[PDB]
4 protein chains.
Amino acid sequence: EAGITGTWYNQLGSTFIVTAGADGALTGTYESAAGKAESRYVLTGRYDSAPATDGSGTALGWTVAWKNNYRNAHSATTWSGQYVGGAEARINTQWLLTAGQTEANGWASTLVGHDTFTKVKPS
Amino acid sequence: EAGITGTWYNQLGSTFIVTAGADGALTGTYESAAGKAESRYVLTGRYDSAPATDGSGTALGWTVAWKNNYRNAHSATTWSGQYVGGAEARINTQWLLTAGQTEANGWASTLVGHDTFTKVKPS
Amino acid sequence: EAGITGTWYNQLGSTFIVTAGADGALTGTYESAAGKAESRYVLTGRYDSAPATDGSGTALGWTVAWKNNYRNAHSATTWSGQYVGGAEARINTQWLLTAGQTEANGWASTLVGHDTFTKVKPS
Amino acid sequence: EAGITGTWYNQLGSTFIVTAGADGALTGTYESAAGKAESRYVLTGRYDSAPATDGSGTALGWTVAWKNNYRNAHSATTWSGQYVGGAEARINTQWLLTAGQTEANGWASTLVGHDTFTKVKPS
Ligand SMILES: O=C(CCCC[C@@H]1SC[C@@H]2NC(=O)N[C@@H]21)NC1CCN(c2ccncc2)CC1
Ligand SMILES: O=C(CCCC[C@@H]1SC[C@@H]2NC(=O)N[C@@H]21)NC1CCN(c2ccncc2)CC1
Ligand SMILES: O=C(CCCC[C@@H]1SC[C@@H]2NC(=O)N[C@@H]21)NC1CCN(c2ccncc2)CC1
Ligand SMILES: O=C(CCCC[C@@H]1SC[C@@H]2NC(=O)N[C@@H]21)NC1CCN(c2ccncc2)CC1
């Protein structure tokens, strides 16, 4: 009933596969079409399992650490956003991507951006 | 060996209790001293379980959805940052806090900020 | 030659009117179609007046304080982004919107988002 | 009366020299102690010249493009924040630093961070 479980695609062509559990959990895999990434990475997150009923979206977030058996990019992305249902359902997000840095370079550790996920792929 | 498992406190006085699993998982609870929050909330996230050895920090992230048995603030925060070890260990983060909004208000859904966690409480 | 001077429209329908001076200055007016805003506000900013020639965009930023003769929303937005030329020229930005807050509420002062500007209006 | 005009120092040791004009303008120079920066750069911005009187801070923002006669880092930073007066006056900010990138790399153009400015230097 949450509308979230399934496969989602962003504007870069990345693939977000997620299960929204009854307890508020998000689990799944992420495959990025961009950056220092190859194949699937574990993700986990949380969502509001009792959202408002006034047309507001459903708040959520998740994390990927960019380490798997094929690569380690010494970094992690978190996406914070909301699911907005309907015939053209979307998950609208903004993200923070932190790379490990020495203390001297810590000020320059974190990229910010935004991803829009839909249930069908962009062309 | 990761240095992450345990209790951490930020500059607001919030309490972050986390277990860093051997597989890269973060699990635990978060108690915020600020905002529309009461008692403990579930968190989950990920960290780089094989960080660089050049003095760089360990990248990580986690999510809290602000729903428990006592409150629902129809929102979720993700923290993205890194752990920096030593005698004054820290987790330096930046966060995104998305609230569910109607489509018309979506542009105004997301707060950004920064939290510094240490192993002893601020005064 | 910079391609920046003129009128630009974002996805909300806001109107950004700017002059890019030879010295790196941006001046102009901003009219927001969203939020606590009415009519035109002063803006000022800066851009890279000698960008790279490898196809990279031109970095820039500007600020609006949301006070004019008709409203005061006790807030300011900064947009940071780049101009990307061509037949479908764009200014791709991300923004930070800070509202004045008491010290206790300072953690919740700042919204983040993203605006895409084009030379013709969205429909 | 605004409290803003003068010299300010952040936690990196950078020096922000600003004049707050009666019309809401900020002008001055910025010297960064970090990154691809040498000597002083022009800045310009805006502030709320009629802030609330309830103890809330004064909203403001400014931009530096990282080009002067000595360097060009093909980038620009905007700081968005507020001035909080008193015996230990501060300007609390968050910033976005966009670097020119090709279209393919645009997703990775923008760093985010936070700077705290005070009227005396850190040690
Ligand atoms: O490229 C990756 C890992 C893959 C990220 C993919 C990103 S996630 C948000 C966006 N949405 C997607 O679907 N895909 C992209 N990691 C880097 C990034 C840049 N890095 C630094 C280093 C130093 N300072 C700052 C940044 C080094 C490590
Ligand atoms: O207050 C909370 C839940 C608790 C958040 C606590 C935050 S997490 C980052 C920081 N670090 C901490 O340790 N504690 C704080 N949620 C709101 C926030 C403001 N909300 C909106 C609504 C509409 N538009 C924008 C924002 C409504 C819901
Ligand atoms: O609405 C405005 C002024 C107009 C902003 C228009 C925005 S600029 C980025 C975006 N692009 C546009 O073209 N238009 C929009 N200001 C508020 C916002 C919310 N405010 C708070 C208060 C307390 N905490 C957090 C936030 C109160 C003051
Ligand atoms: O280093 C500078 C210019 C000086 C910035 C100084 C910064 S301003 C916020 C902070 N507060 C200060 O007082 N000082 C620092 N510019 C870069 C940054 C990293 N760059 C990229 C490239 C590609 N992708 C992402 C990022 C390349 C250009």
Side-chain angles (χ1 to χ4, degrees), chain A residues 23-27 30 41-52 54-68 72-84 86 90-107 109-112 114, chain B residues 23-27 30 41-52 54-68 72-84 86 90-107 109-112 114:
Chain A
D23 61 342
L26 300 177
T27 59
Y30 201 94
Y41 297 79
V42 173
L43 70 93
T44 181
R46 302 286 297 164
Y47 74 104
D48 180 359
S49 61
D54 61 359
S56 296
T58 300
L60 48 76
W62 71 93
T63 305
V64 170
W66 298 108
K67 173 179 172 296
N68 69 10
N72 192 348
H74 301 313
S75 53
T77 299
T78 63
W79 289 257
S80 182
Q82 60 195 286
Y83 161 83
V84 179
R90 282 178 147 69
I91 305 175
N92 294 321
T93 74
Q94 300 180 259
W95 54 254
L96 294 171
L97 161 49
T98 302
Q101 293 293 312
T102 64
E103 268 194 65
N105 294 147
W107 66 272
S109 61
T110 309
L111 293 167
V112 61
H114 51 96
Chain B
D23 61 342
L26 300 177
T27 59
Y30 201 94
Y41 297 79
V42 173
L43 70 93
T44 181
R46 302 286 297 164
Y47 74 104
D48 180 359
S49 61
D54 61 359
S56 296
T58 300
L60 48 76
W62 71 93
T63 305
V64 170
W66 298 108
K67 173 179 172 296
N68 69 10
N72 192 348
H74 301 313
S75 53
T77 299
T78 63
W79 289 257
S80 182
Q82 60 195 286
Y83 161 83
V84 179
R90 282 178 147 69
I91 305 175
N92 294 321
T93 74
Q94 300 180 259
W95 54 254
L96 294 171
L97 161 49
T98 302
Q101 293 293 312
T102 64
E103 268 194 65
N105 294 147
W107 66 272
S109 61
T110 309
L111 293 167
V112 61
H114 51 96

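Order of the sequence lines sets the chain letters (A, B, ...), proteins ahead of strands, with each chain counted from 1. Values below: all heavy atoms of this structure, side chains included; hydrogens, waters and symmetry mates excluded.
- The side chain to side chain donor-acceptor pair (under 3.5 Å) search around B/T44 returns A/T44, not counting sequence neighbours.
- The candidate from A/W66, A/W62, A/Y83 with the greatest count of non-hydrogen atom pairs under 4.5 Å with chain B is A/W62.
- The greatest number of non-hydrogen atom pairs below 4.5 Å with chain A, out of B/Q94, B/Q101, B/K67, is found for B/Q101.
- A/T78 and A/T63 share no side-chain donor-acceptor pair at under 3.5 Å.
- Here A/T110 contributes atom OG1 and B/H114 contributes atom NE2; the two are 12.0 Å apart, rounded to the nearest 0.5 Å.
- If you measure heavy-atom distances from A/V42 to chain B, the contacts under 4.5 Å come from both the backbone and the side chain.
- Of the two parts of A/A99, only the backbone, made up of N, CA, C and O, holds a non-hydrogen atom closer than 4.5 Å to a non-hydrogen atom of chain B.
- The greatest number of non-hydrogen atom pairs below 4.5 Å with chain A, out of B/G61, B/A59, B/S80, is found for B/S80.
- Considering only heavy-atom pairs separated by less than 4.5 Å from chain B, the leading option among A/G24, A/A76, A/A25, A/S75 is A/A76.
- Highest contact tally toward chain A, considering only B/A73, B/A104, B/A50, is held by B/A50 [criterion: heavy-atom pairs under 4.5 Å].
- Proximity to chain B (any heavy atom under 4.5 Å) is shown, for A/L96, by both the backbone and the side chain.
- Across A/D48 and A/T58, no two heavy atoms sit closer than the pair O-CG2, 3.3 Å.
- When heavy atoms are compared at a cutoff of 4.5 Å, B/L26 does not approach chain A at all.
- For a residue to count as touching a neighbouring chain, one of its non-hydrogen atoms must lie under 4.5 Å from one of that chain's; by this rule A/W79 touches chain B with the backbone only.
- For the atom pair A/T93 OG1 and A/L60 CG, the distance stands at 8.5 Å (nearest 0.5 Å).
- For A/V84, the side-chain contact (heavy atoms from CB on, under 4.5 Å) partners are A/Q82, A/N92, B/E103, not counting sequence neighbours.
- Neither the backbone nor the side chain of A/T27 comes within less than 4.5 Å of any heavy atom in chain B.
- Ranked by heavy-atom pairs under 4.5 Å with chain A, the first of B/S49, B/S109, B/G106, B/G81 is B/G81.
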